[PDB]
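Numbering (the deposited numbering), first residue to last: 482 to 506.
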Amino acid sequence: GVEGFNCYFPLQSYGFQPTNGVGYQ
């Protein structure tokens, strides 16, 4: 019933994904 399988959520990586905007640390 849960979209996908028993594994770490997708968004979990979206927060660590490589960004192209370095500013305001």
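We put the beta carbon where it would ideally sit given N, CA and C, even for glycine.
What did DSSP end up calling residue i once you bin it into helix, strand or coil?
i: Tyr495; result: helix
Which same chain residues end up closer than 6 Å to residue i when comparing Cβ atoms and leaving out the 5 residues on each side of it in sequence?
i: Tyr505; result: none
Straight-line CA distance for residue i to residue j?
i: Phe497; j: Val503; result: 14 Å
i: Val483; j: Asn501; result: 32 Å
i: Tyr495; j: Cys488; result: 15 Å
i: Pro491; j: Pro499; result: 14 Å
Which same chain residues end up closer than 8 Å to residue i when comparing Cβ atoms and leaving out the 5 residues on each side of it in sequence?
i: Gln493; result: none
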